[PDB]
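Participant: The structure is given below, and queries will be raised subsequently.
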2 protein chains.
Amino acid sequence: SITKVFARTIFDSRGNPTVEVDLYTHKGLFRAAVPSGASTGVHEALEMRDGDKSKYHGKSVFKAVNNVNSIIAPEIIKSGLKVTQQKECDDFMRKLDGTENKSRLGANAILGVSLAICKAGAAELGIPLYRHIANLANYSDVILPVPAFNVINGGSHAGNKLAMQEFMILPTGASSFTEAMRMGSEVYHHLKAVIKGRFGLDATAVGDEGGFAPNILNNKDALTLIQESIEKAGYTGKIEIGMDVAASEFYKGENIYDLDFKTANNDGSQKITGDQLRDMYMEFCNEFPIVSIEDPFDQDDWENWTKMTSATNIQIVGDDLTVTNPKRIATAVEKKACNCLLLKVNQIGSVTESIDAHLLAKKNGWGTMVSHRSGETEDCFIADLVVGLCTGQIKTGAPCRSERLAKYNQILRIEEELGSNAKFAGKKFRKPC
Amino acid sequence: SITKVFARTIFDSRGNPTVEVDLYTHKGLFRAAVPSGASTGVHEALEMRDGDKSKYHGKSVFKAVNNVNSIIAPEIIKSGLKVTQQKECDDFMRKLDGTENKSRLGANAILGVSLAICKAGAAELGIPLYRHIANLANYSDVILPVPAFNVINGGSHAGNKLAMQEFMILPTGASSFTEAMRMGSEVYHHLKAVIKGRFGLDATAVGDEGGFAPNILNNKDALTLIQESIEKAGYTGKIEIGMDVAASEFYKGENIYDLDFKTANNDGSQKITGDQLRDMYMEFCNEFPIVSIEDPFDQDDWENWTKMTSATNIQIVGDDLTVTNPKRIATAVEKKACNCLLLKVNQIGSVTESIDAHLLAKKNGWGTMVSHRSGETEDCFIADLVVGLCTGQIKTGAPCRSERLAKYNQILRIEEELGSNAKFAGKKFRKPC
Ligand SMILES: [Mg+2]
Ligand SMILES: [Mg+2]
Ligand SMILES: [Mg+2]
Ligand SMILES: [Mg+2]
């Protein structure tokens, strides 16, 4: 089946090199590109960067491309494994690399191949990519996800005083993915106009994910601003709010979080305990239609995770907590630390393992939210991933910048392909299937 | 040949609906999408918008989609024309519309089919799109273009009070399109770092095309900031500057341009004559390595265009002046208004007319710079277009935002496919073929 595997470097949404893989069967070319990654990470699969700080300021991927072309490609072609044997191919590649974190050949070297194998596997069986993924997860039905649009940004990626990283809108009350795109985009455009008159035109420029980082003063104010745009758009009650706090970013240790971590040598006014933080979330959850908070505490502050999950009825999403890693996910389940997995395929490094992490979550009652990375490409694989895995929710950007629209556009195309069989997750985004 | 034509809505990179077309032949599915200008010159072919303020702030394209699905599709299929006859297909749709500006069906309806016909014609002849385009223009050789990256932004869509719209960098000194990419991205990252230290982190947010709009105070400083960045990256002497003034935006009416048009109720200190504008351009070209200025005067202020093209030896690009329109181009040639065409397929509305416009320009000694719109998609047609038309220059964004990288990445893929036959326009970007 596999007659040719070939890697090149392309440029990602942030202007940095990344790996793209072309793979050939008798049915044609199947192409996939790899989003940004870790490279340094205690528990992530490691993306291989060249590190030559005089080429591309250390971000080029010639080594990883070379690992595909001179190691993976001849080995997996010689194996005779077929592109319809996803697990056998993914296992074969992990064994060939032979390290826990895929750091011999690189996770970006393996994932590109695994993703293209998966595209080719579907063509081999004459089915769309999302249907093939569904069969690999043993779903008989698929579902269209609620989109979670990044809109307002804080944390270490903004000059404002906001410690919480990103605020998202979720059209859980749309009747279709089509209405959800309309709802997402009109609110975005209303938010953009508000921002233009309150903060000025330069506040209208966008970050990596296509959202805004105006000079908002506090986290509550971001929620209020989002709430007011939902209302100007006439969708109050059909849009809910998601949050990614990224609390590791301002954890001081000994149960202390600093909401003014971006002010150097500060007075300690905004240093507070974990439970003070938890109370802050519950105030937010009482005033605003918040349905999901990701990384509400530090990646290792289990105690605070378990108490918040126990105290709330909303989605609690592990990202830095779980890093798409079955071992970490198992701990978090054991401790009841959260109730939803953020799924970054390139964090584990293969399709099979990504499906396996989703299934481990689903087996223990968790939701799964499919996620982009900050450095995306025109690749839209995770559009088919979220539909095939029936998770009901994807975070893949503001409705702006085509590395984000490429995904939302591919879901629209899937919605159209499915006709009357096209269920939208809606209010059941947490446990749809 | 044509068995099905179906159009849909997708979202462009600015979060606005636009037209995507699927065309089918016995060779398969061929997909093309239509870009959109954030600001459109007055003589452009009619982009058809629904204009219902309640939906997508009037920007939905349901009528244009229906014009493909319910008029163009049944008619062109009935005609039995083949995707291999570009002109006759294009002529048939133009005649089906009946208007000069494509105002009955929409330029966005006709271009989507035209672009997809073109991709299907290439497949029909077993050749890459760039080769088919090249054949359609009677070119035997193709050339990779110098990329023109919009790094620094002013004008109506920036907040910084710079009147000139785009500042661009051109690695004319690169030895290959790959090195041009390495140079563009390395300069971009250095520029980002320069802006961060001097203007703050938020000044690193990007505009529509991935570039920056810091709070520069005068146009000279923008050019100074770029010079500094080119030196940081260690490429002074290999990188040249281009400019898109977009002068129709600050033209007062009777040979008076206002460089402070973005300051409301200003003093007249910055209002000046076309002749003083041209002198300013000359001082810039004397001090900085500017090789190209686009729309330096108003879209109908013919006399200043002719005076500047006479006085200078640099490239003078028509954009809003020519609107990719052979009739407007013919006027310009007669007045020797400029010496380069900005080619925007959706300004005219068909592949044939677009190719016609380039051929008329080439016949009269002009360059041709293929161009994106500010509202782009994941579509990468124009990457093959610039290669097949041998123009040697393309402006399709900063190396940031995947609606821009998609085009740059497609040229990298073509460069690899061309192999040892791959020629980079380099210093011959104005007249490479
Ligand atoms: Mg996160
Ligand atoms: Mg995000
Ligand atoms: Mg224009
Ligand atoms: Mg222009």
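By order of appearance in the structure tokens: chains A, B, ..., then residues from 1 within every chain, and ligands from 1 in the order shown.
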Just need the residues of chain A within 6 Å of chain B, counting only C-alpha atoms, so spit them out as a count of residues only.

Facilitator: 20

Participant: Write out as a list in words all residues of stretch 181-361 of chain A that backbone DSSP assigns to strand (DSSP E).

Facilitator: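 Going through stretch 181-361 of chain A, the strand (DSSP E) residues come out as residues 240, 241, 242, 243, 244, 251, 252, 253, 256, 257, 258, 271, 272, 273, 290, 291, 292, 293, 294, 315, 316, 317, 318, 340, 341, 342 and 343 of chain A.
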
Participant: With N, CA, C and O atoms retained, could you export that selection as an mmCIF file, in the first residue's frame?

Facilitator:
data_model
loop_
_atom_site.group_PDB
_atom_site.id
_atom_site.type_symbol
_atom_site.label_atom_id
_atom_site.label_comp_id
_atom_site.auth_asym_id
_atom_site.auth_seq_id
_atom_site.Cartn_x
_atom_site.Cartn_y
_atom_site.Cartn_z
ATOM 1 N N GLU A 240 -22.675 30.814 25.366
ATOM 2 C CA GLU A 240 -22.080 30.675 26.692
ATOM 3 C C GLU A 240 -20.581 30.961 26.582
ATOM 4 O O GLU A 240 -20.055 31.191 25.485
ATOM 5 N N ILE A 241 -19.896 30.988 27.730
ATOM 6 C CA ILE A 241 -18.521 31.463 27.821
ATOM 7 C C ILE A 241 -17.622 30.323 28.283
ATOM 8 O O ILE A 241 -17.998 29.536 29.157
ATOM 9 N N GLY A 242 -16.440 30.228 27.687
ATOM 10 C CA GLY A 242 -15.418 29.309 28.145
ATOM 11 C C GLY A 242 -14.193 30.099 28.566
ATOM 12 O O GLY A 242 -14.011 31.242 28.140
ATOM 13 N N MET A 243 -13.344 29.519 29.397
ATOM 14 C CA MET A 243 -12.154 30.225 29.844
ATOM 15 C C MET A 243 -10.970 29.285 29.820
ATOM 16 O O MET A 243 -11.106 28.112 30.179
ATOM 17 N N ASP A 244 -9.812 29.801 29.425
ATOM 18 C CA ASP A 244 -8.544 29.128 29.686
ATOM 19 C C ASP A 244 -7.705 30.045 30.564
ATOM 20 O O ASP A 244 -7.155 31.047 30.091
ATOM 21 N N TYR A 251 1.336 30.758 39.189
ATOM 22 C CA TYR A 251 1.460 30.009 40.428
ATOM 23 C C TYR A 251 2.792 30.343 41.100
ATOM 24 O O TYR A 251 3.856 30.234 40.481
ATOM 25 N N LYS A 252 2.735 30.745 42.369
ATOM 26 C CA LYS A 252 3.946 31.045 43.131
ATOM 27 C C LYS A 252 4.396 29.895 44.016
ATOM 28 O O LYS A 252 5.457 29.999 44.636
ATOM 29 N N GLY A 253 3.632 28.805 44.083
ATOM 30 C CA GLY A 253 3.891 27.745 45.034
ATOM 31 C C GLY A 253 3.272 28.043 46.388
ATOM 32 O O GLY A 253 2.791 29.146 46.664
ATOM 33 N N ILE A 256 -0.266 29.700 46.440
ATOM 34 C CA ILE A 256 -0.386 31.138 46.176
ATOM 35 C C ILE A 256 -0.360 31.417 44.673
ATOM 36 O O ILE A 256 0.593 31.047 43.981
ATOM 37 N N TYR A 257 -1.384 32.109 44.183
ATOM 38 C CA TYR A 257 -1.461 32.563 42.802
ATOM 39 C C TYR A 257 -1.409 34.083 42.767
ATOM 40 O O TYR A 257 -2.010 34.745 43.618
ATOM 41 N N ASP A 258 -0.701 34.648 41.778
ATOM 42 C CA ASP A 258 -0.490 36.100 41.696
ATOM 43 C C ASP A 258 -1.191 36.660 40.464
ATOM 44 O O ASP A 258 -0.659 36.598 39.355
ATOM 45 N N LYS A 271 -1.747 38.617 45.242
ATOM 46 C CA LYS A 271 -1.427 37.248 45.605
ATOM 47 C C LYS A 271 -2.512 36.713 46.532
ATOM 48 O O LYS A 271 -2.873 37.365 47.519
ATOM 49 N N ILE A 272 -3.057 35.540 46.187
ATOM 50 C CA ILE A 272 -4.188 34.940 46.884
ATOM 51 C C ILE A 272 -4.018 33.424 46.903
ATOM 52 O O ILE A 272 -3.251 32.852 46.123
ATOM 53 N N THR A 273 -4.750 32.770 47.807
ATOM 54 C CA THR A 273 -4.670 31.320 47.931
ATOM 55 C C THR A 273 -5.502 30.622 46.853
ATOM 56 O O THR A 273 -6.336 31.229 46.171
ATOM 57 N N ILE A 290 -20.842 31.074 32.225
ATOM 58 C CA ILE A 290 -19.620 30.303 32.043
ATOM 59 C C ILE A 290 -19.937 28.822 32.172
ATOM 60 O O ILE A 290 -20.559 28.397 33.153
ATOM 61 N N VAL A 291 -19.483 28.032 31.198
ATOM 62 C CA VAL A 291 -19.736 26.595 31.174
ATOM 63 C C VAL A 291 -18.465 25.763 31.151
ATOM 64 O O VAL A 291 -18.545 24.535 31.315
ATOM 65 N N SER A 292 -17.300 26.373 30.964
ATOM 66 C CA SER A 292 -16.043 25.641 30.881
ATOM 67 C C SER A 292 -14.899 26.547 31.311
ATOM 68 O O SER A 292 -14.783 27.682 30.835
ATOM 69 N N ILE A 293 -14.056 26.040 32.198
ATOM 70 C CA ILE A 293 -12.839 26.711 32.626
ATOM 71 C C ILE A 293 -11.712 25.706 32.474
ATOM 72 O O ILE A 293 -11.770 24.621 33.063
ATOM 73 N N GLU A 294 -10.692 26.061 31.703
ATOM 74 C CA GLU A 294 -9.543 25.193 31.484
ATOM 75 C C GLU A 294 -8.369 25.670 32.336
ATOM 76 O O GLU A 294 -8.198 26.870 32.555
ATOM 77 N N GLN A 315 -17.824 22.371 33.151
ATOM 78 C CA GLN A 315 -16.678 21.635 32.641
ATOM 79 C C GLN A 315 -15.373 22.202 33.194
ATOM 80 O O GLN A 315 -15.168 23.414 33.248
ATOM 81 N N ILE A 316 -14.489 21.313 33.619
ATOM 82 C CA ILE A 316 -13.154 21.663 34.083
ATOM 83 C C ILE A 316 -12.179 20.915 33.183
ATOM 84 O O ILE A 316 -12.176 19.676 33.164
ATOM 85 N N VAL A 317 -11.364 21.657 32.436
ATOM 86 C CA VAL A 317 -10.573 21.121 31.331
ATOM 87 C C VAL A 317 -9.107 21.087 31.728
ATOM 88 O O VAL A 317 -8.533 22.116 32.100
ATOM 89 N N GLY A 318 -8.495 19.907 31.621
ATOM 90 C CA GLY A 318 -7.063 19.780 31.804
ATOM 91 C C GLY A 318 -6.334 20.026 30.497
ATOM 92 O O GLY A 318 -6.703 19.475 29.456
ATOM 93 N N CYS A 340 -12.726 16.920 31.790
ATOM 94 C CA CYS A 340 -12.633 17.088 30.345
ATOM 95 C C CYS A 340 -11.168 17.155 29.944
ATOM 96 O O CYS A 340 -10.373 17.832 30.598
ATOM 97 N N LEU A 341 -10.826 16.464 28.857
ATOM 98 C CA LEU A 341 -9.467 16.444 28.333
ATOM 99 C C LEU A 341 -9.351 17.428 27.172
ATOM 100 O O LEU A 341 -10.200 17.430 26.271
ATOM 101 N N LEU A 342 -8.318 18.275 27.204
ATOM 102 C CA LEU A 342 -7.936 19.043 26.024
ATOM 103 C C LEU A 342 -7.023 18.150 25.193
ATOM 104 O O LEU A 342 -6.075 17.561 25.723
ATOM 105 N N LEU A 343 -7.341 18.010 23.911
ATOM 106 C CA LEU A 343 -6.720 17.018 23.033
ATOM 107 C C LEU A 343 -5.873 17.728 21.981
ATOM 108 O O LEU A 343 -6.410 18.353 21.051
#

Participant: Env of residue B:373: 8 Å cut, atoms = only C-alpha atoms, seq-sep filter 2 positions within chain, self excluded. Answer as a PyMOL selection string.

Facilitator: chain B and resi 35-38+344+371+375-376+396

Participant: How about saving the chosen residues, N, CA, C and O atoms kept, as a PDB file, in the first residue's frame?

Facilitator:
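What follows is the written file out30.pdb:
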ATOM      1  N   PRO B  35     -11.322  35.543  -2.937  1.00  0.00           N
ATOM      2  CA  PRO B  35     -10.877  36.509  -1.927  1.00  0.00           C
ATOM      3  C   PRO B  35     -11.760  37.749  -1.969  1.00  0.00           C
ATOM      4  O   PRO B  35     -12.632  37.887  -2.819  1.00  0.00           O
ATOM      5  N   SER B  36     -11.496  38.672  -1.045  1.00  0.00           N
ATOM      6  CA  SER B  36     -12.270  39.900  -0.940  1.00  0.00           C
ATOM      7  C   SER B  36     -11.402  41.019  -0.370  1.00  0.00           C
ATOM      8  O   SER B  36     -10.645  40.807   0.580  1.00  0.00           O
ATOM      9  N   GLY B  37     -11.518  42.207  -0.960  1.00  0.00           N
ATOM     10  CA  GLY B  37     -10.757  43.356  -0.511  1.00  0.00           C
ATOM     11  C   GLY B  37     -11.462  44.037   0.649  1.00  0.00           C
ATOM     12  O   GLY B  37     -12.682  44.209   0.637  1.00  0.00           O
ATOM     13  N   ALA B  38     -10.676  44.393   1.676  1.00  0.00           N
ATOM     14  CA  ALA B  38     -11.223  45.162   2.792  1.00  0.00           C
ATOM     15  C   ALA B  38     -11.691  46.530   2.320  1.00  0.00           C
ATOM     16  O   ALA B  38     -12.714  47.046   2.786  1.00  0.00           O
ATOM     17  N   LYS B 344      -5.066  41.357  -9.551  1.00  0.00           N
ATOM     18  CA  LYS B 344      -6.005  40.830  -8.565  1.00  0.00           C
ATOM     19  C   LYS B 344      -7.154  40.188  -9.332  1.00  0.00           C
ATOM     20  O   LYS B 344      -8.016  40.899  -9.862  1.00  0.00           O
ATOM     21  N   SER B 371      -1.249  39.609  -6.710  1.00  0.00           N
ATOM     22  CA  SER B 371      -1.577  40.124  -5.394  1.00  0.00           C
ATOM     23  C   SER B 371      -2.704  39.324  -4.738  1.00  0.00           C
ATOM     24  O   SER B 371      -3.633  38.852  -5.400  1.00  0.00           O
ATOM     25  N   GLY B 375      -8.782  40.212   2.490  1.00  0.00           N
ATOM     26  CA  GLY B 375      -9.620  39.089   2.854  1.00  0.00           C
ATOM     27  C   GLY B 375      -9.263  37.885   2.019  1.00  0.00           C
ATOM     28  O   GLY B 375      -9.711  37.764   0.882  1.00  0.00           O
ATOM     29  N   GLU B 376      -8.438  37.004   2.550  1.00  0.00           N
ATOM     30  CA  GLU B 376      -7.956  35.840   1.828  1.00  0.00           C
ATOM     31  C   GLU B 376      -8.567  34.579   2.432  1.00  0.00           C
ATOM     32  O   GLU B 376      -9.307  34.622   3.420  1.00  0.00           O
ATOM     33  N   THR B 396       1.672  38.616  -1.255  1.00  0.00           N
ATOM     34  CA  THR B 396       0.612  37.805  -0.673  1.00  0.00           C
ATOM     35  C   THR B 396       0.737  37.724   0.852  1.00  0.00           C
ATOM     36  O   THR B 396       0.231  36.783   1.469  1.00  0.00           O
TER      37      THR B 396
END

Participant: How many Å lie between atom CA of residue B:283 and atom CA of residue B:311, rounded to one decimal?

Facilitator: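 If I compute the distance from atom CA of residue B:283 to atom CA of residue B:311, I get 12.6 Å.
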
Participant: Go through the chains and note each residue within 9 Å of ligand 3, using only C-alpha atoms and all ligand atoms, then give the set as a PyMOL selection string.

Facilitator: chain B and resi 37-42+44+246+319-321+323+344+347+373

Participant: Could you write out that same residue set with N, CA, C and O atoms as a PDB file, in the first residue's frame?

Facilitator:
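Final file, out-v7.pdb:
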ATOM      1  N   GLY B  37     -11.518  42.207  -0.960  1.00  0.00           N
ATOM      2  CA  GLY B  37     -10.757  43.356  -0.511  1.00  0.00           C
ATOM      3  C   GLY B  37     -11.462  44.037   0.649  1.00  0.00           C
ATOM      4  O   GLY B  37     -12.682  44.209   0.637  1.00  0.00           O
ATOM      5  N   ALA B  38     -10.676  44.393   1.676  1.00  0.00           N
ATOM      6  CA  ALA B  38     -11.223  45.162   2.792  1.00  0.00           C
ATOM      7  C   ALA B  38     -11.691  46.530   2.320  1.00  0.00           C
ATOM      8  O   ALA B  38     -12.714  47.046   2.786  1.00  0.00           O
ATOM      9  N   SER B  39     -10.942  47.131   1.401  1.00  0.00           N
ATOM     10  CA  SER B  39     -11.311  48.359   0.710  1.00  0.00           C
ATOM     11  C   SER B  39     -11.159  48.098  -0.783  1.00  0.00           C
ATOM     12  O   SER B  39     -10.090  47.664  -1.229  1.00  0.00           O
ATOM     13  N   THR B  40     -12.216  48.361  -1.552  1.00  0.00           N
ATOM     14  CA  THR B  40     -12.222  48.079  -2.982  1.00  0.00           C
ATOM     15  C   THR B  40     -12.217  49.373  -3.791  1.00  0.00           C
ATOM     16  O   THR B  40     -13.018  50.280  -3.531  1.00  0.00           O
ATOM     17  N   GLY B  41     -11.313  49.443  -4.773  1.00  0.00           N
ATOM     18  CA  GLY B  41     -11.350  50.531  -5.733  1.00  0.00           C
ATOM     19  C   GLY B  41     -12.691  50.621  -6.439  1.00  0.00           C
ATOM     20  O   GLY B  41     -13.414  49.628  -6.596  1.00  0.00           O
ATOM     21  N   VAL B  42     -13.011  51.838  -6.894  1.00  0.00           N
ATOM     22  CA  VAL B  42     -14.350  52.140  -7.408  1.00  0.00           C
ATOM     23  C   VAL B  42     -14.641  51.411  -8.728  1.00  0.00           C
ATOM     24  O   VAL B  42     -15.796  51.057  -9.001  1.00  0.00           O
ATOM     25  N   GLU B  44     -13.677  48.359  -9.636  1.00  0.00           N
ATOM     26  CA  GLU B  44     -13.576  46.913  -9.552  1.00  0.00           C
ATOM     27  C   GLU B  44     -14.872  46.252 -10.018  1.00  0.00           C
ATOM     28  O   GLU B  44     -15.962  46.816  -9.901  1.00  0.00           O
ATOM     29  N   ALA B 246      -1.500  53.723  -1.450  1.00  0.00           N
ATOM     30  CA  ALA B 246      -2.961  53.749  -1.472  1.00  0.00           C
ATOM     31  C   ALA B 246      -3.462  55.193  -1.406  1.00  0.00           C
ATOM     32  O   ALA B 246      -4.356  55.537  -0.630  1.00  0.00           O
ATOM     33  N   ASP B 319      -2.735  49.858  -9.118  1.00  0.00           N
ATOM     34  CA  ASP B 319      -3.627  48.950  -8.411  1.00  0.00           C
ATOM     35  C   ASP B 319      -5.050  49.431  -8.613  1.00  0.00           C
ATOM     36  O   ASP B 319      -5.736  48.973  -9.532  1.00  0.00           O
ATOM     37  N   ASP B 320      -5.498  50.360  -7.769  1.00  0.00           N
ATOM     38  CA  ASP B 320      -6.812  50.944  -7.963  1.00  0.00           C
ATOM     39  C   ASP B 320      -6.889  51.731  -9.263  1.00  0.00           C
ATOM     40  O   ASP B 320      -7.987  51.935  -9.791  1.00  0.00           O
ATOM     41  N   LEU B 321      -5.743  52.173  -9.789  1.00  0.00           N
ATOM     42  CA  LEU B 321      -5.730  52.911 -11.047  1.00  0.00           C
ATOM     43  C   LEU B 321      -6.150  52.016 -12.212  1.00  0.00           C
ATOM     44  O   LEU B 321      -6.871  52.462 -13.112  1.00  0.00           O
ATOM     45  N   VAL B 323      -7.211  48.356 -11.742  1.00  0.00           N
ATOM     46  CA  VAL B 323      -8.212  47.380 -11.310  1.00  0.00           C
ATOM     47  C   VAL B 323      -8.192  46.141 -12.186  1.00  0.00           C
ATOM     48  O   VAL B 323      -9.241  45.584 -12.520  1.00  0.00           O
ATOM     49  N   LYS B 344      -5.066  41.357  -9.551  1.00  0.00           N
ATOM     50  CA  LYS B 344      -6.005  40.830  -8.565  1.00  0.00           C
ATOM     51  C   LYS B 344      -7.154  40.188  -9.332  1.00  0.00           C
ATOM     52  O   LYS B 344      -8.016  40.899  -9.862  1.00  0.00           O
ATOM     53  N   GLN B 347     -10.632  41.490  -9.016  1.00  0.00           N
ATOM     54  CA  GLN B 347     -10.903  42.835  -9.514  1.00  0.00           C
ATOM     55  C   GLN B 347     -11.572  42.798 -10.882  1.00  0.00           C
ATOM     56  O   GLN B 347     -12.324  43.718 -11.226  1.00  0.00           O
ATOM     57  N   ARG B 373      -5.858  39.574  -1.766  1.00  0.00           N
ATOM     58  CA  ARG B 373      -6.678  40.603  -1.141  1.00  0.00           C
ATOM     59  C   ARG B 373      -6.457  40.555   0.368  1.00  0.00           C
ATOM     60  O   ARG B 373      -5.911  39.582   0.915  1.00  0.00           O
TER      61      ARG B 373
END

Participant: List the neighbours of residue A:49 out to 9 Å using only C-alpha atoms; skip same-chain residues closer than 5 positions along the sequence, and give me the result as JSON, numbers by chain.

Facilitator: {"A": [39, 58, 59, 60, 61, 62, 63, 64, 106]}

Participant: Take the selection from the previous step and output its residues with N, CA and C atoms, as a tab-separated table (two decimals), in the first residue's frame.

Facilitator:
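The resulting out.tsv:
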chain	number	residue	atom	x	y	z
A	39	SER	N	8.98	20.41	22.42
A	39	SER	CA	10.44	20.38	22.23
A	39	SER	C	11.12	20.27	23.59
A	58	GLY	N	16.75	29.27	15.27
A	58	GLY	CA	16.70	27.99	15.93
A	58	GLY	C	15.46	27.15	15.70
A	59	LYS	N	14.51	27.59	14.87
A	59	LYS	CA	13.23	26.91	14.78
A	59	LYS	C	13.09	26.04	13.53
A	60	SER	N	14.15	25.86	12.75
A	60	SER	CA	13.96	25.08	11.54
A	60	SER	C	13.87	23.59	11.88
A	61	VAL	N	13.36	22.80	10.93
A	61	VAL	CA	13.07	21.40	11.21
A	61	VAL	C	13.73	20.47	10.20
A	62	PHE	N	14.92	20.85	9.73
A	62	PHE	CA	15.63	19.99	8.79
A	62	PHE	C	15.89	18.59	9.39
A	63	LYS	N	16.25	18.52	10.68
A	63	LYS	CA	16.49	17.21	11.28
A	63	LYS	C	15.24	16.35	11.24
A	64	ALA	N	14.10	16.92	11.60
A	64	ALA	CA	12.87	16.14	11.61
A	64	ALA	C	12.47	15.72	10.21
A	106	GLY	N	11.75	12.55	16.71
A	106	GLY	CA	10.95	13.75	16.87
A	106	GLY	C	9.47	13.46	16.75

Participant: Neighbours of stretch 134-148 of chain A within 6 Å (only C-alpha atoms; same-chain residues fewer than 6 positions away dropped), as a list in words?

Facilitator: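 In the requested format, the answer is residues 168, 169, 170, 387, 388, 389, 390, 392, 393, 394, 395, 423, 424 and 425 of chain A.
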